[PDB]
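Protein chains in written order, with full-length UniProt numbering: chain A, 82 to 358, 371 to 433; chain B, 82 to 357, 373 to 433.
Read through the structure below, which is laid out as structure tokens, and then see the notes.
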Amino acid sequence: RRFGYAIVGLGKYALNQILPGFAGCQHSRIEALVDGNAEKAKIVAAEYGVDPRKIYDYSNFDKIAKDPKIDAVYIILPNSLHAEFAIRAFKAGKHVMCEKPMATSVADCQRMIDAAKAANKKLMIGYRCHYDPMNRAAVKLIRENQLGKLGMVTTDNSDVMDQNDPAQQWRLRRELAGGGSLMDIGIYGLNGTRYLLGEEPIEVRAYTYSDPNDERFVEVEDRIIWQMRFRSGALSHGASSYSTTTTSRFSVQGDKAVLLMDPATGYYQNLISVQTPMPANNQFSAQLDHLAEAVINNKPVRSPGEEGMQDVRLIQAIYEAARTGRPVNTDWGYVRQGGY
Amino acid sequence: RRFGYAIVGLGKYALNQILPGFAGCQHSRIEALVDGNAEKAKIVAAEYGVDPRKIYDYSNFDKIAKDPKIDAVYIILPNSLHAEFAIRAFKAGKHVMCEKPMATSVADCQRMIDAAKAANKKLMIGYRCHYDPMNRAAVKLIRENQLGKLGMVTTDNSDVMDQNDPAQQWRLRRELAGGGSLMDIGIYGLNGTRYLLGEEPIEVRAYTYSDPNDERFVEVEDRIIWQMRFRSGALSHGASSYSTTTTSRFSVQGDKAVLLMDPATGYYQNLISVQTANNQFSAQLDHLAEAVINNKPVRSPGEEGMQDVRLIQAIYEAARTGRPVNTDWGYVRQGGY
Ligand SMILES: NC(=O)c1ccc[n+]([C@@H]2O[C@H](COP(=O)([O-])OP(=O)(O)OC[C@H]3O[C@@H](n4cnc5c(N)ncnc54)[C@H](O)[C@@H]3O)[C@@H](O)[C@H]2O)c1
Ligand SMILES: NC(=O)c1ccc[n+]([C@@H]2O[C@H](COP(=O)([O-])OP(=O)(O)OC[C@H]3O[C@@H](n4cnc5c(N)ncnc54)[C@H](O)[C@@H]3O)[C@@H](O)[C@H]2O)c1
């Protein structure tokens with residue numbers, strides 16, 4: 082490995098999925114850690130074999146600029162802190178890997194891209210599904226016209242949000258989160274509908290409801306259903322939920338056949354099947382090594398901040414629709430650089 | 082088989098699913114046939130062993146009143162003709178088995194129930210899913226609280242509608258159909274959401290879209306998506322499609338687990354699974385029989401068929417207006433789901 086990563090935020094996703102993910106990389110390596118807790122970091126640094134000399138925090142973060150071995154930083158902090166460290170990261174002349182959602186604002190999304198252009202460094206959002214062989218296979222068979230003309234997409238993404246003092250979970254603060262289940266996980270359905278169909282929604286409608294007596298959803302929504310229409314005439318209906326167990330299910334209906342992905346966006350072995358009348374590339378690794386190679390070849394990354402912005406913007410539209418009860422035009426010429 | 086059935090409409094569903102369905106019954110029997118074609122009726126009567134002496138048509142239909150071995154009639158004609166023969170059937174003092182949708186109007190749905198009460202005969206709608214062991218099993222495990230508190234239901238029901246001169250498919254003609262994919266098959270999703278959740282939607286929202294250049298959907302809709310909310314706070318989002326292949330898929334999300342029915346409402350072996373012996377057709381036929389043989393109300397009454405029709409109307413209204421539609425009108429499924 083010759084591409085150094087600086088992991089910012091040693092939380093659940095970092096510790097459980099990302100750090101272990103490095104094991105399969107073939108270019109990436111954990112060069113430095115960052116966290117508001119040295120004790121934790123220490124144990125971590127040891128654990129993954131990183132010299133404790135590279136354990137920073139949110140104060141001396143900018144210090145990374147003086148370490149050329151640190152090719153890039155990987156933000157894995159609450160959504161609101163995304164833009165802050167993304168820019169500071171670019172200011173230190175380093176490529177950025179930012180987790181989804183890109184940010185809690187469309188503005189910050191644009192700002193981040195700016196900073197990136199400035200520092201002349203790459204900005205990649207954590208859409209691991211864009212590096213999951215299973216999803217890529219689904220996409221392949223759809224493009225090979227095995228479903229025929231696509232007409233109805235259906236998505237659902239849910240998981241029970243811990244009730245343990247909602248004041249604790251940053252996902253339940255509109256400030257740190259930016260939204261409820263949609264921002265957190267529905268985004269997988271939204272994002273998937275787009276790359277599965279290979280096009281953008283031109284119109285959007287939605288509705289949301291959260292129990293008024295549930296302490297968890299005082300700031301962020303629990304359940305929200307959205308419906309979209311595309312230029313090709315394809316349609317979709319999806320939802321995200323914070324009060325029902327694990328659900329990761331996508332269905333794509335064509336005139337020839339129907340595709341079923343269940344689980345669709347899970348951490349381990351996703352399943353896809355077709356109804357007609371992962372060789373050395375787990376998502377995590379492939380995601381990390383994808384930013385590396387992009388740099389090592391000046392080639393554009395598959396999941397740019399422009400894509401992360403498109404989702405955030407759509408997510409706003411969807412929330413707007415749910416708020417007004419009216420459809421919302423989203424036909425603003427966005428275009429997937431590189432494809433889906 | 083002491084219950085005599087008079088099959089009205091020897092079409093695809095009658096010939097392919099219903100007639101053969103009798104083979105498994107244990108009370109029902111094919112006593113008479115009815116159809117605007119005695120030639121076929123003949124071949125059919127022979128085929129299933131019915132004396133050609135009982136082959137009627139839409140003119141001498143009422144004649145059935147003079148045959149006491151004829152306990153009931155089974156309407157299997159286009160949706161618009163449902164109410165007409167349902168009432169005439171009751172007028173001849175005979176229990177009625179009417180296929181879904183009950184009718185193309187809420188009024189006719191009420192009228193049919195009236196006629197039924199009058200003739201003091203029973204009225205049962207063809208919701209075979211209410212007699213499918215697989216569905217009943219799904220319902221059982223939900224009631225046993227294996228999913229926990231229900232929060233998100235998802236349904237999809239689709240099948241490609243033949244393009245062969247749409248002036249040929251009574252389903253593509255508003256008057257005979259009453260609606261598009263919703264009336265025809267979405268109804269399974271709507272109906273299933275209700276008996277799976279064991280409650281009624283109090284609010285409804287929907288949207289529909291059909292290609293303006295497709296000859297098929299000039300009168301009836303191709304695809305329509307509807308979202309509903311229930312009293313328990315549960316939610317649902319479903320759709321029906323006339324332009325995409327076979328899809329019969331239901332998912333029910335609880336806080337404990339998730340139920341997946343796929344296929345959910347098929348003719349043969351449906352599948353259900355949870356993530357943390374008999375057959376609908378026969379059981380449906382024998383269900384009307386026994387109900388009579390015991391002065392016991394049937395599980396799928398015309399009141400239930402009306403509720404769906406009324407809901408479908410509110411869903412079409414919503415799709416038309418683009419605003420939510422209140423459906424909290426106190427309906428109640430006597431007996432249960
Ligand atoms: N792509 C995926 O599969 C996936 C899955 C899980 C999480 N995520 C994303 O990664 C990010 C982190 O999620 P997570 O589950 O690891 O969260 P977490 O709460 O477990 O981790 C948060 C990290 O940021 C730090 N932090 C900084 N300020 C904080 C504050 N104000 N309050 C609480 N935490 C604070 C914590 O110390 C910790 O290191 C989010 O943007 C989330 O949406 C993506
Ligand atoms: N529960 C189920 O599984 C299921 C499945 C299929 C059909 N159905 C229902 O059963 C009924 C019949 O459907 P089908 O597929 O058998 O239809 P079909 O067109 O194959 O059969 C229609 C029958 O009614 C007669 N008919 C009377 N007037 C007609 C007219 N004006 N034009 C065309 N047909 C006319 C035909 O001769 C034929 O015997 C419908 O109400 C349908 O919704 C239910």
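Positions of the beta carbon are idealized from the N, C-alpha and C atoms, including for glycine.
By the CB criterion at 8 Å, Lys147 (chain A) and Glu112 (chain A) fall outside the cutoff. Distance check between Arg209 (chain B) and each of B:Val154, B:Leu381 and B:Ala87 places B:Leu381 closest, using alpha-carbon atoms only. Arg286, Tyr288, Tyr290 and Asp292: these are the residues of the stretch 275-302 of chain A whose beta carbon lies less than 8 Å from some beta carbon of chain B, given in chain order. Per DSSP, the beta bridge partners of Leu341 (chain A) are A:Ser332 and A:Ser354.
With a threshold of 7 Å, the Cβ atom of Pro214 (chain B) does not count as near ligand 2, since no heavy atom of the ligand is closer than that.
Nearest CB-CB separation between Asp265 (chain A) and chain B: not below the 8 Å threshold.
In this structure, A:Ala387 is the residue among A:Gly431, A:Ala387, A:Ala122 and A:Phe331 with its C-alpha nearest to the C-alpha of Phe84 (chain A). Under the Cβ criterion of 8 Å, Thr346 (chain A) is not counted among the residues facing chain B. Annotation for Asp265 (chain B) indicates a beta carbon within 7 Å of some heavy atom of ligand 2. Residue-level contact check: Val241 (chain B) touches chain A, since one or more beta carbons of chain A fall below 8 Å from its beta carbon.
By the neighbour-count definition (other C-beta atoms within 10 Å, threshold 16), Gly261 (chain A) is a buried residue.
The closest heavy atom of ligand 1 lies 7 Å or more from the beta carbon of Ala113 (chain A). DSSP places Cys210 (chain A) in the helix class (H, G or I) of the three-state scheme. Per the Cβ contact rule, the stretch 329-345 of chain B is in contact with the stretch 324-332 of chain A (3 or more Cβ pairs under 8 Å).
Relative to the Cα of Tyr129 (chain B), the nearest Cα in the group B:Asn390, B:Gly117, B:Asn118 and B:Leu100 belongs to B:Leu100. Contact between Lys172 (chain A) and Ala127 (chain A) fails: their C-beta atoms lie close to 30 Å from each other, not under 8 Å.
Taking 8 Å as the CB threshold, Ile156 (chain A) stays off the interface with chain B.
For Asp189 (chain B), same chain residues with a beta-carbon under 6 Å away, outside a window of 5 residues either side, are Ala164 in chain order. Among the CB atoms of chain A, one or more fall inside 8 Å of the CB of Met233 (chain B).
DSSP, reduced to helix, strand and coil, places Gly85 (chain A) within a strand of the structure shown. Close CB contacts of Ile145 (chain B) within its chain, under the 6 Å cut and outside five residues either way in sequence, are with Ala87, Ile151 and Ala173 (chain order).
Taking non-hydrogen atoms of ligand 2 into account, the C-beta of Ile124 (chain B) is found less than 7 Å away from none of them. Annotated three-state conformation of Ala379 (chain B) is helix, per DSSP.
With its beta carbon at least 8 Å from every one in chain A, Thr417 (chain B) lies outside the interface. For the options B:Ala167, B:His176, B:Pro159 and B:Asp132, the alpha carbon positioned closest to that of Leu384 (chain B) is the one of B:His176.
When DSSP reads this structure, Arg286 (chain B) sits in a beta bridge with B:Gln308. In the structure shown, the three-state DSSP call for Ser140 (chain A) is coil.
Against chain A, the CB of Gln334 (chain B) has a partner CB under 8 Å away; the residue lies at that interface. In the structure shown, the three-state DSSP call for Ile111 (chain A) is strand. At a cut-off of 8 Å between C-beta atoms, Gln250 (chain A) does not count as an interface residue with respect to chain B. Taking all protein chains shown into account, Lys181 (chain A) has 16 or more neighbouring C-beta atoms within 10 Å of its C-beta and is therefore buried.
Counting along the chain, the unbroken alpha helix (DSSP H) around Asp404 (chain A) starts and ends at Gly398 to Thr417. Not flagged as an interface residue toward chain A: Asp424 (chain B), since no C-beta distance is shorter than 8 Å. In this structure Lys203 (chain A) is buried. Its beta-carbon is surrounded by 16 or more other beta-carbon atoms within 10 angstroms. The beta carbon of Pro101 (chain A) sits no closer than 7 Å to any heavy atom of ligand 1. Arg312 (chain B) places its beta carbon 8 Å or farther from that of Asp303 (chain B).
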